[PDB]
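K.L.:
Below: one structure in structure tokens.
There are 4 protein chains.
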Amino acid sequence: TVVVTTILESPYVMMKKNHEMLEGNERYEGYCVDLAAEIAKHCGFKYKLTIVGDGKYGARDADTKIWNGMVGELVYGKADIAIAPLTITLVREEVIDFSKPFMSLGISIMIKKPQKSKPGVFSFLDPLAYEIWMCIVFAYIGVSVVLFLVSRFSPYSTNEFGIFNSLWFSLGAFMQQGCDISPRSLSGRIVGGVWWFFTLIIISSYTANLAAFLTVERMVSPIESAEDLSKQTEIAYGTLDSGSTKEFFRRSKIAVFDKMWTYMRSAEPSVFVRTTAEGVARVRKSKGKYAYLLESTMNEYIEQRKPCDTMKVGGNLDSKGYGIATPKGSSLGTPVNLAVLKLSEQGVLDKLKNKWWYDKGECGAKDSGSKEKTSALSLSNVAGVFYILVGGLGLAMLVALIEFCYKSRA
Amino acid sequence: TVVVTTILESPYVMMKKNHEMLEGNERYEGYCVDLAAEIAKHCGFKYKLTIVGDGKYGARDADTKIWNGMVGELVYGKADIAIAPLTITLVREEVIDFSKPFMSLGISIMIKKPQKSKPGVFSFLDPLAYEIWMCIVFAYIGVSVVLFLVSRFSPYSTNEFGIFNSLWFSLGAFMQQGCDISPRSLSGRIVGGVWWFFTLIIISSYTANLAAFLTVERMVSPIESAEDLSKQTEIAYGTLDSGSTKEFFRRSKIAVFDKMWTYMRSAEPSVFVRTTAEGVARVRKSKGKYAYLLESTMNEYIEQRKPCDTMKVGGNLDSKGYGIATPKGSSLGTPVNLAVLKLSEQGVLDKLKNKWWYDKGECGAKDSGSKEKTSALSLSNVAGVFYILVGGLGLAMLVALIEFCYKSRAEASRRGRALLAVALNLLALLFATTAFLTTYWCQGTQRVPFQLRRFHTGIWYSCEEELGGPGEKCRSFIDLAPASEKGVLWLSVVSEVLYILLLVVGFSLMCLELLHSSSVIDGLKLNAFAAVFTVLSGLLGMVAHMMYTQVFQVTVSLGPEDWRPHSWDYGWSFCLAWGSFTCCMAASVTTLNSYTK
Amino acid sequence: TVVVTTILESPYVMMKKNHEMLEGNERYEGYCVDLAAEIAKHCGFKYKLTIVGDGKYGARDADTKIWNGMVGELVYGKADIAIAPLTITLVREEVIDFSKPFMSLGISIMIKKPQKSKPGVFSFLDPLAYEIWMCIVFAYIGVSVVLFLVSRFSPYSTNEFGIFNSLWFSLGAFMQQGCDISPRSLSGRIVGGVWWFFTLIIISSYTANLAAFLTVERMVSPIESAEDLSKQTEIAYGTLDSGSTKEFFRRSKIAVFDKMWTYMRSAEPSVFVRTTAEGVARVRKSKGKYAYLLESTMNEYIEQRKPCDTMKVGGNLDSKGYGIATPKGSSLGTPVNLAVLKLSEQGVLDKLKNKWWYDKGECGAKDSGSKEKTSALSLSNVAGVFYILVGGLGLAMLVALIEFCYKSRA
Amino acid sequence: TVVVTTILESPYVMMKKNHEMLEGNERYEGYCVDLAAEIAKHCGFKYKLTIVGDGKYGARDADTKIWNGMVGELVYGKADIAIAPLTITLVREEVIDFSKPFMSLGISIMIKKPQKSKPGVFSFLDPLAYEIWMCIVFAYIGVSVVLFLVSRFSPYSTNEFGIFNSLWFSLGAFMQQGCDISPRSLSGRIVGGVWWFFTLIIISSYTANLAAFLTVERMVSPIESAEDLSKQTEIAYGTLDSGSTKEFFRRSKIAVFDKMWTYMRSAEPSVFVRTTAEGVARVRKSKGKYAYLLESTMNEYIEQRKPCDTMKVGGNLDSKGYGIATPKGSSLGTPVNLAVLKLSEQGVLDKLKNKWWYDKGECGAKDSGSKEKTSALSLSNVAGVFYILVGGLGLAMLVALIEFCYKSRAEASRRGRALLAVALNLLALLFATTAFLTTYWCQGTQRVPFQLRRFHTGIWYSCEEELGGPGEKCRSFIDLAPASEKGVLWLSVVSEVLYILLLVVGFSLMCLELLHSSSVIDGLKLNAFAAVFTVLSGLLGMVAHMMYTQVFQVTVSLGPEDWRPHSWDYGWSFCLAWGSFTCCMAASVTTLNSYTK
Ligand SMILES: N[C@@H](Cn1oc(=O)[nH]c1=O)C(=O)O
Ligand SMILES: N[C@@H](Cn1oc(=O)[nH]c1=O)C(=O)O
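So this is what it looks like as structure tokens:
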């Protein structure tokens, strides 16, 4: 027979529902089970689908020079061929030969899907920017300055609009509760006129834009680039402990990628993982503190799988290739390479790809977006208003303290 | 004697009301039972009625290649004729014989009807949670008392800011209608100007969230056709376990129909149902999260029976016909087709039709009541505002009678004020310290998949009752929270202790107010700093309960897994925690009133 | 050869782009061109695709007993077979034989797609129902009644809150501009308290729901049933002047359908049409005044065609069937009937149907719905407010007239 | 001497700045030109540079089965070697030879970059059209004058409702800040209570429509991937007329890629472009309504050159490689592959890379400036409110200087009031009747597909200028409108005539006001009914222009086809129509002022 080594990875290698019932080539499902069947039909060999006994993709110790996983089995004669998610690298090219890329891909970043956070303490003042709020208070004092200059100039006996009253009238104008004082001057009432039309826009601007936040919500990704990871060590990130992606960061010559691999080895609670299926649960059970780096074609299946708790961010860090790994000088190097050509000529590999990623894609991205909710405001939303309420109350207590005693002094 | 087979499917074949009382042909009723006597009327044969032993129409299976159910009786020969809700299909045509289609139908889609709009009497409280509506009211009492302190202390005379008037100032400030009395002390202007910035955020938050509801209330997308059903996985799709409908979606090749059949294939759990009466029952209980795809003539009848809460959506997906079936090559099948054409010529089929569906219509008139398309508010949506309005008129009517009776009784002391001031403060001590010592602030239940665990928690110990007895396993709440939110929870426990100790300074200085106590000379300034510290008690204490429920609600959503409650309801002695805060100011208004006179 | 009669109807019969260039079986495109090719392959006959010379589907004069169109040609020997949109009726069954229904369908209603109308004069008061607005004014007077009863009872000299002032204070409370008068009674201030919380909900209810209208718009169909047509003669409606749909309303025994056919013949500017392609332009150029009744499969193509100016309303009025019309006693009755079976056994007719209606469906319903617009309020929206403004102004002039003269009288 | 072919594609092969001044190899530059000298450095051959005569890379066609463009030179033999932006593809592999892929790339998607947010200085006027903002102002003048009439006539004394104060009452009523002066006459309460119900609808309409913008401003769906491009036909998709990208979408079989290729098939007009520089140019001019799908390395360079207004969206759809190509079986092709590996070993390819893309970066730093995600208002969005604010301060500063200079000049008649009252009324006659007689109220242009027709219309005649000269073909406007809206247009023409005739009663009764006229005795009541009829002039006249523009804007959208303007702009003598209405009250305030003294 022909021993085919495939690492157990969904959706390339799947177990049957009665997996202990069936044996061999019937037990396994997925994309490589399709491709090993489609290759052996146009090449004529008896394929035996075997899980790799070591369990790994394949890497060499740099000191003892010993490959493990699927790579060491093909060199040392145990496995006959590999039709599996193996990535064509230069170090793998020197020991075995690869077919043409039947699938294109890229290394991506998979984070825990950022749910709506607890709002900030001062998240009530979100719908106006801080560039506005400072310029409001500057215009709040600045308008109230002008009304006192006007009030001193035109007496028409006493000027009720002192500077102690002008901030009060500009406040009651801004806070929608008009005060009983009113300018009796044309040079006054134009200021009180234009300051009213100030608030009528701004309060309507605040009321409108806050309805824009509560209706249409956009859960922001805290990280969306390779720059976003290396500049901030707040979220951990890692790869598999025996994989070509880990091989990529070791031999990387871009300094950002070099900054990653220096951080990957140095600060260690256990960053690297044994399995991709380990790395999925390392994301989902870390609550935003872990972002597993893996292939985009690996990540497009997890995004279209229950419970769809993860998302892609950014994009491909580099281009790569998937190939059927044949041993060096094998008999079925040339017929498999012609089979990789011939199945890709008919679009058989494309009619496989648009089936498997899509018919299982029951969490199509519409189901998360179109499921909006009718949510009341919790106390977390406007909590900081009560804080500055009491923070205004205790400030009023201290002014009532000092102004009583200064009149006792004077 | 001819054997007649069918299945118990209302409205077509119905069991009688008293199945044991009656015998033979009198054991069953319905449309098809009325049809079967008409067939024997024209063809002159004794007919023996039977029911299938399986309880399903059935079709041939993959491995066994044998017809089961009703068709298996027809193909093999266990029955002589089927007068039954049986779809003529080409896979059924090649195995046995059919008549002319007497009843036309199509595959329709049954969802549960969109439920009646019952907004409730408190539907206007929907944008802001009830936690906020309390904390508005307790802060409404807070600012008016502070302004009643500030007005009496400061010289800035006569005072227009009495405790009756100061609550009228903050109610004028909160409802945006303003007030004619203006704060003229600077310390009075601070306490007004902050409460103004309070009510401008809250009302704008109330308007914005109410607009955030009704925009989403219009983008509900009331799914009508199967194309918009195929584009949505919020609602499941199930049919009968083996019928003509499941086999229709099996050998379909339309891209809409294939994409549903792939969704029907990977069913976790199995969406297909055993019978129609079970299949309609899942629609009754899943509340519009499940859709049952059935034949339209069954859909029209079940629409017309109580609770009438199932609605047809869209049109027929296909066009099929019911046929009275005989086995392959029987001699009786040709006068059967002549009999079906005979009642078609007489119009007795349509006589059986409009008799049955109309006289057993229970509720009816669905297109009559649904002429209205609701897009505005109903009166019911703001009805509780009217009920508070008409009620608040009637309460204030009773105030006018008693106040005039108080004025007529006025036509017909300070040691007691100090006695009532300490007595509320001794409650406020007893109400606050009970809250801090108890652990029953939050009554909720958490479960494992069907064992639930009733438990209560506070600031210190989350005491979970363990089943099999009393339980009461208590775990520390402080390290229980996640750590970034924990620092606020550190600050709240400090502030709640700071609330108690400043209250201890409060009522102990109320003890010096007493006439048998320290002095009459220079005691009014001791009443003054007592009055300051009771306001400074409850304000710092209210923040401690603000910071509790904010951090607590984080822990309910984002917290340690292997425990998640279903209810985060606020238990007793949280009510007493606010009842402490109520009695803090309610004694402080007394000692301000005793100070000013 | 075998003369095939097909009425020229898209998407069943289409003309090529260079239609004058090619001849015969290459000139024609569409669904019946597929089906005539798929039938003649499994039956073995030379098909000639001919347009019917008279141009019609087929109907008989009830007096001279002469069929025309495709039906008269099959009876009188001119045409050999019909693979065309012909509907199996009882009167057509007596003269020729039909195959099994290769396509199911129903008679539907196609209206001009109702664009956003000019708004009403009083369309500003839409977000609150008339059941509310009457009960507001009843509660407006009703609250103001209570405050005058309170004001007369408790004197604490003069009662400023007369009935002439209490409607004014309840108005200024309702219209967000608080008046300088204020109750000095607890039995007063509770009424003024609860009436303020009345408006604060209602004005927020009006502001919120009006944002619901301008954001999410629902263009309502004025007619959506067969009941909706016969009860109101505001919109005209008709069928083709020689067709089985017209044959259906003549022999109809449901009184609603009978009410239609009585209206179709009686009130006539020219209701019935010669062509379905005539009936499409009769819809699009009538501006809502015409609703062409035709088949659902005819209507699913027009909805998925440029410029998608029409929509289905309601549903199928009845079930029908499409059949290949063979002459009575023909040779190719049985092989075509077996061909209609055999092509439907493989799902060939279904893989034709999901292609033609869908690959041309470039106006998929998403393109109309997801294209929302950022539209300002025109003057048509709030026009009636200015009308009742001046309508309030002239009423103020007349009260200023009569109250001056009555004090001159008294 | 070896023939080198390529195509002029920046940044890879660029023509020099002075193409006629330089000769031979010095006629071209770029990345690949720098590469070609390095190839001849390692392999030692004289290289002759050529450009394809067609101007495209090309591929084999269906009918002819021949390779054209660059590959046709390679397959046939017209060139010796191609060092060119040529994608290695299996259909290109079987016909000629390729080297090792030196540059990795993928098919990217170029849309125009989302344009910079320039809200304008009047962005706060966006929810309400400028027609409304005028009609608010003219009704603001309307109600205050009416209230100034009502206050002087009625006894209800001293009057606190002067014409300066009455405009301050309505400005307090419109801005919701209220006013301390209360209307106490019942006729004064009517005119206040209606204007209150005015300003409550308008401000709530202003807040609701501004919320209606910003909700849609957040559901813009900024399309990033091709899947969300495949789901949207608002934006077209085009590639080069014959390249590796179009052939990639041709023989693709992915359901996303097939659905785009079916959309690319039925192109009306043809979405495919001749070259890249033309293809990027359609993206520059179609303003985000067109998308050009090109290779990502070209996308990175064109992103970095001015105006830098094209942005990459999503990632690569595929993974491909550029290859230096030789014909099938040439002996030179193996040292070519050794040369490509040699510069790969040296890293001179990456030396050519980071030299070229970085030093010819014009704007750069796109991820640096786009760190901010705008979700709140900028200062620019309400900037014109500040500019009116700071400006309205500075205008009112100048009022204080002049009014004190007026007071200092006060420290240092009634026939003239009546003279100014008639003179404005004689204008108001001349301003109104000019509007009714002219037909230039609406200046717009309508077109046939490229001939435009400038025209002007009014209430009576829509006078269209006919080209080839002056034209002026005039058609009746009254029957021109649709008929249900026409009845309002009937009422407006009646009201505008009613506006003129009541104004005729106005200034003719102003003639009796004159001192040389009828009498001094009992003339004040003749001044009174004159003053009533001038208010009753402009109010009924304003409705006539309200009903015009409402019915006119219907006719622009819903009207007789074969004519539709692009602009419905309001021409002159519509401005004079409001200028009549301004002068109606501006004379009426004079005769109220002359009456009260
Ligand atoms: N599969 C890749 C490497 N790899 O795959 C993962 O899912 N993680 C990871 O490092 C290989 O063939 O070496
Ligand atoms: N096609 C039908 C009749 N018909 O088709 C239309 O599109 N209108 C209409 O009356 C037939 O076969 O007679």
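The listed protein sequences derive, respectively, from chains D, C, B and A.
Heads up: the first sequence runs through residues 394 to 549, 567 to 820, numbered per PDB author numbering.
Heads up: the second sequence runs through residues 394 to 549, 567 to 822, 1004 to 1040, 1086 to 1233, numbered per PDB author numbering.
Heads up: the third sequence runs through residues 394 to 549, 567 to 820, numbered per PDB author numbering.
Heads up: the fourth sequence runs through residues 394 to 549, 567 to 822, 1004 to 1040, 1086 to 1233, numbered per PDB author numbering.
Beta carbons are placed, not taken as given, at the ideal position from N, Cα and C, and that holds for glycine.
(1) Just to confirm the assignment, what range does the beta strand (DSSP E) spanning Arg-1090(A) have?
(2) The alpha helix (DSSP H) that contains residue 558(A), what's its start and end?
(3) Can you tell me whether DSSP reads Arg-545(A) as helix, strand or coil?
(4) In chain A, which residues lie less than 8 Å from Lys-781(B) when you measure between Cβ atoms?
(5) Rounded to whole angstroms, what's the CA-CA distance from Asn-747(D) to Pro-478(C)? Just pull it up for me.
(6) Give every residue whose Cβ lies closer than 6 Å to any heavy atom of ligand 2, listed in chain order.
(7) Checking the sheet assignment: what are the DSSP bridge partners for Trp-606(C)?
(8) Should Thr-617(D) be flagged as near chain A, meaning a C-beta pair shorter than 7 Å?
(9) Here's a check: name, in chain order, each residue in its chain whose Cβ is nearer than 6 Å to the Cβ of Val-488(D), leaving out the five neighbours to either side.
(10) Out of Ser-790(B), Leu-803(B), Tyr-732(B), which one is the CA nearest neighbour of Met-496(B)?
(11) Do the CB positions of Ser-706(B) and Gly-470(B) come within less than 7 Å of each other?
(12) Contact criterion: CB-CB distance below 7 Å. Does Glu-813(C) meet it with respect to chain B?
(13) Determine which residues share a DSSP beta bridge with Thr-736(D) and list them.
(14) Output yes if chain B places a C-beta closer than 7 Å to the C-beta of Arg-628(C); else output no.
(15) Please go through the same chain and pick out, in chain order, the residues whose beta-carbon is closer than 7 Å to the beta-carbon of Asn-1016(C), but skip the five residues on each side of it.
(16) Are the stretch 724–731 of chain D and the stretch 406–418 of chain D in contact at 8 Å, needing three or more beta carbon pairs?
(17) Should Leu-1175(C) be labelled buried (16 or more other beta-carbon atoms within 10 Å of its own) or exposed?
(18) Pick from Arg-599(D), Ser-778(D), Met-670(D), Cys-425(D): whose alpha carbon is nearest that of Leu-581(A)?
(19) Alpha carbon to alpha carbon, how far is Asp-638(C) from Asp-668(A)? Give it in angstroms, no decimals.
(20) Alpha carbon to alpha carbon, how far is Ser-1155(A) from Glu-1149(A)?
(21) Counting along the chain, where does the alpha helix (DSSP H) carrying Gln-1189(A) start and finish?
(22) Run through chain D and tell me which residues come within less than 7 Å of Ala-621(B), C-beta to C-beta.
(23) Can you give the Cα-Cα distance for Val-626(D) and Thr-784(D), rounded to whole angstroms?
(24) Within 10 angstroms of the Cβ of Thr-1093(A), are there 16 or more other Cβ atoms? Answer buried if so, exposed if not.
(25) To the nearest angstrom, how far is it from the Cα of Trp-1126(A) to the Cα of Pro-1201(A)?
(26) When the distance is taken between beta carbons, is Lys-493(B) closer than 7 Å to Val-750(B)?
P.N.:
The short version:
(1) 1087–1093
(2) Coordinates for residue 558(A) are absent; the numbering of chain A skips from 549 straight to 567.
(3) helix
(4) Using a Cβ-Cβ cut-off of 8 Å, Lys-781(B) is close to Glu-644 of chain A, given in chain order.
(5) 58 Å
(6) Residues lining ligand 2 by the Cβ criterion, that is a Cβ closer than 6 Å to any of its heavy atoms, are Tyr-450(B), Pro-478(B), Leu-479(B), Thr-480(B), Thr-649(B), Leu-650(B), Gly-653(B), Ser-654(B), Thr-655(B), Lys-656(B), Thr-686(B), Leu-704(B), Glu-705(B), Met-708(B) in chain order.
(7) According to DSSP, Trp-606(C) bridges with nothing at all.
(8) yes
(9) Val-468
(10) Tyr-732(B)
(11) In this structure, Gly-470(B) does not lie closer than 7 Å to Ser-706(B) by Cβ.
(12) yes
(13) Looking at the DSSP assignment, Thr-736(D) forms a beta bridge with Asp-490(D).
(14) yes
(15) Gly-1142, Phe-1143, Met-1146, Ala-1223
(16) no
(17) buried
(18) When C-alpha distances from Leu-581(A) are compared across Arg-599(D), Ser-778(D), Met-670(D), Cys-425(D), the shortest belongs to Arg-599(D).
(19) Cα to Cα, the separation comes out at about 22 Å.
(20) Counting only the Cα atoms, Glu-1149(A) lies some 8 Å from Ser-1155(A).
(21) 1160–1193
(22) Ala-621
(23) 12 Å
(24) buried
(25) 23 Å
(26) For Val-750(B) and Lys-493(B), yes; Cβs fall inside 7 Å.
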